[PDB]
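Let us start with two forms of the same protein chain, each given on its own as structure tokens and named structure 1 and structure 2.
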Structure 1
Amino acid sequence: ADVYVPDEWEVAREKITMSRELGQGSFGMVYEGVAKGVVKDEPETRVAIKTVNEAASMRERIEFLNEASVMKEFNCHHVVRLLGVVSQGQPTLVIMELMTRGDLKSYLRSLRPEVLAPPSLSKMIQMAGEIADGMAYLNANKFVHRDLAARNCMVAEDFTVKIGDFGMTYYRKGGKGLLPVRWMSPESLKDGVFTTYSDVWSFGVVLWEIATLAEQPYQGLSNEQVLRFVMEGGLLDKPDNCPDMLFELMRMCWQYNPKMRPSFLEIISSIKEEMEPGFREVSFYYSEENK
């Protein structure tokens, strides 16, 4: 059945130290801490430590390990990075790049007027560019997320937004659990079809999440009713004071016909100029890899 083969990603648990908890995960408590020599020319690094509770069986601890391993394949500045693993011995761990600000959704709800500035067009274009960049990288690497949502993106100390670690199981498909209707494309709801295009659809919804400081998409309607609405050409409303240009993107990512929607590279291409100066140096888009 299940088995985990140790590899070069292994790290000595003596190099890892946990200061405090960040939050409960699917397999157990997630902590914050420090790891030595997990980054090039970096003696120590602050990291996120995912663990599995003692109550966990072998299969679970192994499943935890094989799931975290999907991230071994990826290396993008705009995708949260795996830094190591501790499979040998009890407190099965996984060391991840630390995103001090949490998931994008929680970060957006945090600016809720209920005293910092909301996000300005400039700020939003940045997050969108970063998210689109990590998605273009992933799609370029034959992977279809299938569960892109603000809650699945993470925010770094310097406010850089990245795509959180994911699970997996031709184009590989991510996604795990009961997929949420409010982020699904019409063709996904109708035929169960997932593509780079339906990832773009979901992208438009997170732009809408951003623009609404994370309101519930199709708020007021049941998922059951959303299923039909969306399949019927129904779309989300233009947020109260949403920048025209921002809503333009949304509308294009929401073309009923998948082929009519832009790719993440085309999304980026059309907003790259409104990106920060550093983008050119860290982006997949401007990387040698993109071609």
Structure 2
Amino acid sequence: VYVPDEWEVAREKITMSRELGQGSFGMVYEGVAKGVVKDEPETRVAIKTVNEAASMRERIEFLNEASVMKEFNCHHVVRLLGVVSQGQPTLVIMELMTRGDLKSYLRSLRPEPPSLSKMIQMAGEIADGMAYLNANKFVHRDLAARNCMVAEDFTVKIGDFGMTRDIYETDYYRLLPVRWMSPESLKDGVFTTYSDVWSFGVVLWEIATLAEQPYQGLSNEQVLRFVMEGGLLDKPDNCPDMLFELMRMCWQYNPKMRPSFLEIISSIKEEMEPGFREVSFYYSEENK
């Protein structure tokens, strides 16, 4: 039973320019919202709509999942700006990421690549956002280049998690990214910070291959068998040892033996850009 609040915005103030493509619950539009940002009368925003093929059960799921993001304030996690809970379509307005998803972006760099220092940068930003989320007791469950977003200034941020969330799970039992999923996720549907770290390893591999499909030539059923039986992605051609060392740490079959996101950041903080100190969660007062 969603209760409107602070975050509720008048539908009047919102303007939907053009389609950006399908996200978790429905179409995401580019647009403009009046007075959703302080010291900014009008703001360029992304607007996700729940389609009209949406059960009340799903329209409520949409708002509650969005509402999780109300508690989030992190430079490396895409920000919620406001909610339109009354009337249809139900809107969730958020920070517009003007260079789209990291997968598309990485695909665009293919024989027109990124330097080692530019890849470490992406890794640390993603790791920092994920460290922030795990600090706020949140497991993403769908970390992947396609759900990392790129800002105007090339900052990478943690994006859509909706895609994997069922309406019923927790209380009752009845969509899985097998190529990004840890063995314990594939075997038992266990999703923890440590499973998110596995996915993070796969995103490094995506970054180093400019978004090849992980385990290409294996079907989804084959990947499920292969990874559960200790299968691993081959080190990409001319992948820096720095990075492949990180992938190996993330792909420890046993979750206990995987590094935390903080440990990952510690291991690369030397090679991070100077700015990262001011914007990051890692260096923030909020970090433990």
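Structure 1 provides the reference sequence; residues are numbered from 1 along it. Between two forms, the rigid core is the largest collection of C-alphas that superpose within 1.5 Å.
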Problem - Residue among 87, 160, 195, 212 with C-alpha shift of 2 Å or more between structure 1 and structure 2, core superposed - result: 87
Problem - Is_shifted residue 269 between structure 1 and structure 2 (CA, 2 Å cut-off, rigid core) - result: no
Handout entry: Rigid core superposition, residue 47 Cα moves 2 angstroms or more between structure 1 and structure 2
Key = yes
Handout entry: CA of residue 235, rigid core aligned, shift of 2 Å or more between structure 1 and structure 2
Key = no
Handout entry: Backbone CA shift between structure 1 and structure 2, residue 62, after core fitting (angstrom)
Key = 5.5
Problem - between structure 1 and structure 2, how far the Cα of residue 246 shifts once the core is aligned, in Å - result: 0.6
